[PDB]
There are 2 protein chains.
Amino acid sequence: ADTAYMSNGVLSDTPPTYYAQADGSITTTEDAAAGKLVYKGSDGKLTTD
Amino acid sequence: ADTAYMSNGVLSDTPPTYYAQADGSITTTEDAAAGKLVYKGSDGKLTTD
């Protein structure tokens, strides 16, 4: 039923949703007031650290 | 239509959505990974600063 998705370390019913902002930044949620804009480095997977 | 609600400084269609975690923290998104844990103080309105 293509509804089981593999998250970073667990299984979730929703895919990893990445939202792109107008200023070239990428955030987890629509509002830039939240989100903890995603980073990358030394391991890939675009973890928010 | 009860679909226009006043946010901090802008009129938006959604209510201010605040999520409560098990550990007592209050976050703006479901996942603890993002959210920018909310705060209160010196003016109310529960600003995220």
# chains A, B, ... in the order shown; residues from 1 in each chain; ligands from 1

call {"tool": "interface_residues", "arguments": {"of": "chain A", "to": "chain B", "cutoff": "10 Å", "atoms": "only C-alpha atoms", "output": "NGL selection string"}}
result
:A and (27-29 or 33-38 or 47-49)

call {"tool": "calpha_fit_and_write", "arguments": {"fixed": "chain A", "moving": "chain B", "output": "mmCIF file with N, CA and C atoms, in the first residue's frame"}}
result
data_model
loop_
_atom_site.group_PDB
_atom_site.id
_atom_site.type_symbol
_atom_site.label_atom_id
_atom_site.label_comp_id
_atom_site.auth_asym_id
_atom_site.auth_seq_id
_atom_site.Cartn_x
_atom_site.Cartn_y
_atom_site.Cartn_z
ATOM 1 N N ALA B 1 0.751 -0.850 0.038
ATOM 2 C CA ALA B 1 -0.034 0.375 0.077
ATOM 3 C C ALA B 1 0.802 1.622 -0.168
ATOM 4 N N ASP B 2 2.128 1.485 -0.250
ATOM 5 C CA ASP B 2 3.035 2.617 -0.448
ATOM 6 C C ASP B 2 2.831 3.679 0.628
ATOM 7 N N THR B 3 2.632 3.231 1.867
ATOM 8 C CA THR B 3 2.381 4.127 2.989
ATOM 9 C C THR B 3 3.347 3.905 4.145
ATOM 10 N N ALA B 4 4.404 3.122 3.947
ATOM 11 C CA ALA B 4 5.425 2.903 4.964
ATOM 12 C C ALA B 4 6.777 3.284 4.382
ATOM 13 N N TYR B 5 7.398 4.315 4.951
ATOM 14 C CA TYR B 5 8.661 4.843 4.458
ATOM 15 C C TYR B 5 9.660 4.910 5.601
ATOM 16 N N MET B 6 10.916 4.592 5.300
ATOM 17 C CA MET B 6 11.957 4.536 6.320
ATOM 18 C C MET B 6 12.527 5.932 6.541
ATOM 19 N N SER B 7 12.405 6.434 7.770
ATOM 20 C CA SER B 7 13.011 7.703 8.154
ATOM 21 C C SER B 7 14.454 7.478 8.583
ATOM 22 N N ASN B 8 15.044 8.473 9.251
ATOM 23 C CA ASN B 8 16.440 8.382 9.669
ATOM 24 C C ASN B 8 16.715 7.091 10.433
ATOM 25 N N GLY B 9 15.881 6.779 11.420
ATOM 26 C CA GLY B 9 16.065 5.564 12.189
ATOM 27 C C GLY B 9 14.775 4.875 12.581
ATOM 28 N N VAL B 10 13.642 5.420 12.145
ATOM 29 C CA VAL B 10 12.329 4.906 12.512
ATOM 30 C C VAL B 10 11.493 4.768 11.248
ATOM 31 N N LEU B 11 10.598 3.784 11.243
ATOM 32 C CA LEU B 11 9.666 3.593 10.141
ATOM 33 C C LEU B 11 8.432 4.452 10.389
ATOM 34 N N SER B 12 8.085 5.289 9.416
ATOM 35 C CA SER B 12 6.977 6.220 9.548
ATOM 36 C C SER B 12 6.110 6.180 8.300
ATOM 37 N N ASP B 13 4.861 6.622 8.455
ATOM 38 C CA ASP B 13 3.912 6.632 7.353
ATOM 39 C C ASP B 13 4.110 7.799 6.397
ATOM 40 N N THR B 14 4.866 8.817 6.788
ATOM 41 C CA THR B 14 5.019 9.966 5.914
ATOM 42 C C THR B 14 6.420 10.009 5.317
ATOM 43 N N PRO B 15 6.566 10.530 4.103
ATOM 44 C CA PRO B 15 7.898 10.714 3.528
ATOM 45 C C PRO B 15 8.660 11.784 4.288
ATOM 46 N N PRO B 16 9.981 11.832 4.147
ATOM 47 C CA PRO B 16 10.723 12.982 4.676
ATOM 48 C C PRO B 16 10.342 14.252 3.933
ATOM 49 N N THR B 17 9.691 15.182 4.624
ATOM 50 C CA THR B 17 9.136 16.377 4.000
ATOM 51 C C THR B 17 10.103 17.539 4.183
ATOM 52 N N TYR B 18 10.635 18.041 3.073
ATOM 53 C CA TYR B 18 11.560 19.165 3.070
ATOM 54 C C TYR B 18 10.961 20.298 2.253
ATOM 55 N N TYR B 19 10.996 21.506 2.805
ATOM 56 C CA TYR B 19 10.414 22.677 2.169
ATOM 57 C C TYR B 19 11.512 23.650 1.763
ATOM 58 N N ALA B 20 11.364 24.233 0.578
ATOM 59 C CA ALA B 20 12.336 25.171 0.033
ATOM 60 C C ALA B 20 11.780 26.587 0.100
ATOM 61 N N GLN B 21 12.592 27.513 0.594
ATOM 62 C CA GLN B 21 12.208 28.911 0.712
ATOM 63 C C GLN B 21 12.673 29.695 -0.512
ATOM 64 N N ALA B 22 12.109 30.896 -0.663
ATOM 65 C CA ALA B 22 12.465 31.743 -1.796
ATOM 66 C C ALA B 22 13.913 32.204 -1.713
ATOM 67 N N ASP B 23 14.396 32.491 -0.506
ATOM 68 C CA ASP B 23 15.749 32.995 -0.306
ATOM 69 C C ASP B 23 16.822 31.917 -0.414
ATOM 70 N N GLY B 24 16.464 30.710 -0.847
ATOM 71 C CA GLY B 24 17.413 29.631 -0.995
ATOM 72 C C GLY B 24 17.573 28.743 0.218
ATOM 73 N N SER B 25 17.115 29.178 1.387
ATOM 74 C CA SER B 25 17.180 28.350 2.579
ATOM 75 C C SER B 25 16.175 27.209 2.490
ATOM 76 N N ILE B 26 16.492 26.108 3.163
ATOM 77 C CA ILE B 26 15.631 24.933 3.213
ATOM 78 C C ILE B 26 15.214 24.726 4.661
ATOM 79 N N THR B 27 13.907 24.704 4.903
ATOM 80 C CA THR B 27 13.355 24.607 6.245
ATOM 81 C C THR B 27 12.408 23.420 6.333
ATOM 82 N N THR B 28 12.240 22.905 7.551
ATOM 83 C CA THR B 28 11.400 21.735 7.762
ATOM 84 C C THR B 28 9.916 22.071 7.843
ATOM 85 N N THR B 29 9.561 23.335 8.053
ATOM 86 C CA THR B 29 8.167 23.751 8.097
ATOM 87 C C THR B 29 7.961 24.919 7.142
ATOM 88 N N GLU B 30 6.693 25.156 6.793
ATOM 89 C CA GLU B 30 6.367 26.201 5.825
ATOM 90 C C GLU B 30 6.830 27.570 6.305
ATOM 91 N N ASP B 31 6.449 27.949 7.519
ATOM 92 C CA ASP B 31 6.798 29.266 8.033
ATOM 93 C C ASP B 31 8.295 29.349 8.300
ATOM 94 N N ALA B 32 8.893 30.487 7.952
ATOM 95 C CA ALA B 32 10.297 30.701 8.273
ATOM 96 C C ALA B 32 10.521 30.888 9.766
ATOM 97 N N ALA B 33 9.470 31.213 10.523
ATOM 98 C CA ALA B 33 9.632 31.449 11.954
ATOM 99 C C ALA B 33 10.120 30.203 12.675
ATOM 100 N N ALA B 34 9.563 29.047 12.349
ATOM 101 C CA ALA B 34 10.017 27.774 12.881
ATOM 102 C C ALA B 34 10.735 27.002 11.782
ATOM 103 N N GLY B 35 11.179 25.796 12.116
ATOM 104 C CA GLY B 35 11.766 24.941 11.105
ATOM 105 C C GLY B 35 13.137 24.389 11.433
ATOM 106 N N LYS B 36 13.968 25.173 12.121
ATOM 107 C CA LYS B 36 15.335 24.774 12.451
ATOM 108 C C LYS B 36 16.109 24.435 11.172
ATOM 109 N N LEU B 37 16.355 25.495 10.397
ATOM 110 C CA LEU B 37 16.848 25.418 9.024
ATOM 111 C C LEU B 37 17.825 24.266 8.833
ATOM 112 N N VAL B 38 17.546 23.433 7.831
ATOM 113 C CA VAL B 38 18.243 22.163 7.696
ATOM 114 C C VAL B 38 19.660 22.395 7.189
ATOM 115 N N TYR B 39 20.527 21.422 7.444
ATOM 116 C CA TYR B 39 21.914 21.464 7.019
ATOM 117 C C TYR B 39 22.293 20.112 6.434
ATOM 118 N N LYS B 40 23.447 20.084 5.774
ATOM 119 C CA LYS B 40 24.062 18.859 5.288
ATOM 120 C C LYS B 40 25.545 18.917 5.611
ATOM 121 N N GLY B 41 26.174 17.749 5.706
ATOM 122 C CA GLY B 41 27.613 17.725 5.861
ATOM 123 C C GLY B 41 28.197 16.543 6.605
ATOM 124 N N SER B 42 29.248 15.970 6.016
ATOM 125 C CA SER B 42 30.130 14.975 6.620
ATOM 126 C C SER B 42 29.480 13.605 6.766
ATOM 127 N N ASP B 43 28.169 13.512 6.555
ATOM 128 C CA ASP B 43 27.529 12.208 6.470
ATOM 129 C C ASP B 43 26.357 12.151 5.502
ATOM 130 N N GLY B 44 25.998 13.251 4.850
ATOM 131 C CA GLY B 44 24.753 13.214 4.113
ATOM 132 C C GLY B 44 23.550 13.098 5.044
ATOM 133 N N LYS B 45 22.446 12.624 4.464
ATOM 134 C CA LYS B 45 21.131 12.455 5.084
ATOM 135 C C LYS B 45 20.473 13.771 5.488
ATOM 136 N N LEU B 46 21.139 14.908 5.304
ATOM 137 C CA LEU B 46 20.575 16.227 5.584
ATOM 138 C C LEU B 46 20.020 16.308 7.008
ATOM 139 N N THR B 47 20.903 16.075 7.974
ATOM 140 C CA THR B 47 20.509 16.162 9.372
ATOM 141 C C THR B 47 20.336 17.617 9.791
ATOM 142 N N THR B 48 19.449 17.836 10.753
ATOM 143 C CA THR B 48 19.146 19.183 11.237
ATOM 144 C C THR B 48 19.993 19.554 12.449
ATOM 145 N N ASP B 49 21.304 19.349 12.353
ATOM 146 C CA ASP B 49 22.236 19.718 13.409
ATOM 147 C C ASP B 49 23.350 20.570 12.823
#

call {"tool": "select_by_dssp", "arguments": {"residues": "chain B", "states": "strand (DSSP E)", "output": "ChimeraX atom specification"}}
result
/B:5-6,11-12,19-20,26-27
